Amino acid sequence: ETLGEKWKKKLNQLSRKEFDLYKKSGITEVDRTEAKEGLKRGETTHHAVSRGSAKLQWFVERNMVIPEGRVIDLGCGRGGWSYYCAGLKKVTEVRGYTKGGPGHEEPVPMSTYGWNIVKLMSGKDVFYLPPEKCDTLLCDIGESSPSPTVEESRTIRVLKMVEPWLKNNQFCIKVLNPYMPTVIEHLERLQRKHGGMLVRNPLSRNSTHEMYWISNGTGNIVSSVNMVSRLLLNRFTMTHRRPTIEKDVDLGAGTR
């Protein structure tokens, strides 16, 4: 049994109160106060629609993924990744696809910088979408579950779906459950063919083992996954560490 399975078994044993104290212990988070207030008032400029904008910005600012040309955003939700890419200098067009409907987020219309090069489409299940030519492929799909075998199935499904969209392009793909031996086998095959590396985002909660497969980097997948497993296990040991607070992104206004 993997270090990740031991972390998941422990996570599943926590009371709601313990789970609530654990999930944000020692993580990094952006202060969403101003954006939440503005969005409640129906403000359409400056504010990121979700925490997703700051999450993708973390990778982009470290050159792990460099969005350019035609950006495809799979599982765009409210649109955090799409509106962030819309303001990047090398980006020319952003297309977002999301399921929507009961239990899922709907795209939020915004007037942030570069809103005019974005098209968000709801009622779209990516598992039935044929692949499209694109210069950047983004995918944030992976629903958490108390069952690691459910999470493993969801991860393999995403990995099999994304491959036909990968054609020597920039990419950032969520890997919900990267520690199961079957997932590691797929990721290593994918890394040999398309390159890139798996990276833990410090904005991720301790309640998820999610890592992101990004195009610009190299490294040992097994070592990186085991490093995250040891980190998350170690975070059960000590009393709650309040999260490190950072400033949220200002997405500005205007067209391009």
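Heads up: residue numbers just count along the shown sequence, starting at 1.
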Item checked: Residue range whose averaged C-alpha B-factor is higher in the record, 205-213 or 183-191 -> 183-191
Next item on the list: Higher average CA B factor in the deposited record is what I'm after, so tell me if that's 51-59 or 30-38.
Entry: 30-38
Checklist line | Identity of residue with top Cα B-factor, from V158, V71, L129, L176 | finding: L129
Notebook entry, point to check: From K90, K99, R95, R154, can you pick the one with the highest C-alpha B factor in the entry?
Noted result: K90
Next item on the list: Using the B-factor values recorded in the entry, state whether the Cα atom of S82 falls in the lowest, middle or highest third among the modelled residues of its chain.
Entry: lowest
Check: Lowest, middle or highest third of the chain for the C-alpha temperature factor of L232?
Finding: lowest
Notebook entry, point to check: Where does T136 sit by CA temperature factor within its chain: lowest, middle or highest third?
Noted result: lowest
Next item on the list: Place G123 in the lowest, middle or highest third of its chain's C-alpha B-factors, as listed in the PDB entry.
Entry: highest
Next item on the list: Relative to the other modelled residues of the same chain, rank the CA B-factor of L166 and answer lowest, middle or highest third.
Entry: highest
